[PDB]
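Structure 1 and structure 2 below are two forms of the same protein chain, each written out on its own as structure tokens.
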Structure 1
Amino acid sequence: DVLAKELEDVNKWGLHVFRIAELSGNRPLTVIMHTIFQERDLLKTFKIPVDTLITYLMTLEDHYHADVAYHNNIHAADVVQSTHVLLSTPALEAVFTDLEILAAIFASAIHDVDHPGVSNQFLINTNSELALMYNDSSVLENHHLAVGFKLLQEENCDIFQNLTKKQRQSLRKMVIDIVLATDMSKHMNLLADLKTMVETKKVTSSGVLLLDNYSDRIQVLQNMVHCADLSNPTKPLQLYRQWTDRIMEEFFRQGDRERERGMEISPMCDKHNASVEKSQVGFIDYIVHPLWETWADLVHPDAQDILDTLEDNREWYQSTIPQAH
């Protein structure tokens, strides 16, 4: 119906993903992954039975928490769809193999599964079982990977059943490398390295990038998914505002637990003392723009419209903050 109409924008930045969630009966991850797999002809390329794909996707989506305001299946679908757009950027045309493409999209799909709605630092500070299990290192991200892969074991869920042994091993490695890179404590290091990759990048005649070793290829995929994960402020203001609502609700809920426990309340987690405009402008100035501006450098001019929206949105949120002229 209208859903197939909205799913026509799947190759477009700014998909009305929230609308798709409503219309699909809260199955945005399932329908968006399925649509993209059909789009990229992935079921045929990797001999994936459709009933298997759908069974896994539905189980995966089930394992995103409905009561978590931001880190849920809608965010997962959004990051999947955004990665799907970035993969098709002209500067990267026929750079990546079908397997690499599959890896980046699957990584995006599972990258926050079973997120509890609180940060790594919170989990470390409250001595959680998760932090105990993972020795305080990329606690959530290791966990997302473990669950995402574990779900492949469920009945009629192995979407990779017809990959070769070599392919499955290569895909597992790439997906691990990608999701671990979504850990924000690795952001400055990724960014610092991506800047250096940009400085010395090599391009063909028709302008596509030359990535001639796994280390360069995976670095580009890591930053790609990281950008997609941090892409909310680059979306039309109507989508962006909605993402901002959810992240602050999730944060304030974390803040509430912290205050109730007598802990120091984490930054931007205090519902009483917090400005949306100030927090978002800071977020953009110190994290999202430094990154997207570097990505735009890498694929210039492919991302200029994305960068323009980001800068517009930044200008928009700073406009109501009083400042010295």
Structure 2
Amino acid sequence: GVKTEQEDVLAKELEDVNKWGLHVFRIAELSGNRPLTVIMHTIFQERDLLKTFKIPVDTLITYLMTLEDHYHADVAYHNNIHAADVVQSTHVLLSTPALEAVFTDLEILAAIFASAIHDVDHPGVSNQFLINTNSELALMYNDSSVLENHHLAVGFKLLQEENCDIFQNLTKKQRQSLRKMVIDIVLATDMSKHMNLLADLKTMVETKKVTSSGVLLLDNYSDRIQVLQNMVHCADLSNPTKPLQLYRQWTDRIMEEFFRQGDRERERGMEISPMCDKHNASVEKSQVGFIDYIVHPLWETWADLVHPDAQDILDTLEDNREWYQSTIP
């Protein structure tokens, strides 16, 4: 009735589950390549989501294992470790002091379930790739947010497997509300939505109201869902805000996937996509661009929304940015 020593060493890494910079690759190794299942399970227990939603524990485990097995272990970046990381980073962001007691338990379940499924069955290539190769996925979704639509359909469809219906005790009203929020969140992970999402977040910060304790006031679905969408998107774009040992691993993997899209981009129509060759395509300039044009304007605006809660994270982002700059010969 007691844990094995590996289970113990794993349990002890998991005590960092509430911290930015969790050793998520270590968790992956210690869990036998089950970071998504063990991190989701730990978050669900910690937030009391099993009791609140009357989720049987064997059904949660069965779903999570099934979900994690439909991430591709042969894809370097968009795999179950990235899913685990995004879940865990959303989890920390939800705990920010500026948002304390803002969100209902259903909203919290939506944001976490959304994070968990957000990239499921990702083939390791981009929307534009899928569209240009006339691939079945692009055809199925009439070229529109191809991957994101697929991630949602798979994550929901898997609930129909044997003892996988984790929402079986929710009311119909609960499930309709949850599904809509999940769909709205995951669809907002498509980078082509980034600019509009960022503009709405900037608008929100300008018109920012608060309550008594100084936590944000969000009194309509529009604003509530906007915050959750931008929160998961922050989590999705959180790699450069992590300590550098983590950040570099993520970079490696994103580059592997991307270079590998090249080897297939050589044959399949298409010239290549900018900054994606080691035949004229510096990794370090890419990272500096990524940070300057995408990650920093987002995280800076997030940081204003929840001021001062995100300072450390924004500091790290700025350090990492200097580090990559100073490596450009």
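Note that the rigid core is defined as the largest set of C-alphas that superpose within 1.5 Å between two forms. All residue numbers here follow the sequence of structure 1, with the first residue given the number 1.
Only one candidate in 300, 278, 261, 44 has its Cα displaced by 2 Å or more between structures 1 and 2 after core superposition: 261. After superposition on the rigid core, the Cα atom of residue 19 is displaced by 0.1 Å between structures 1 and 2. The rigid core superposition between structures 1 and 2 gives a CA shift for residue 205 of 2.4 Å. Relative to the superposed core, residue 193 moves its CA by 1.0 Å between structures 1 and 2.
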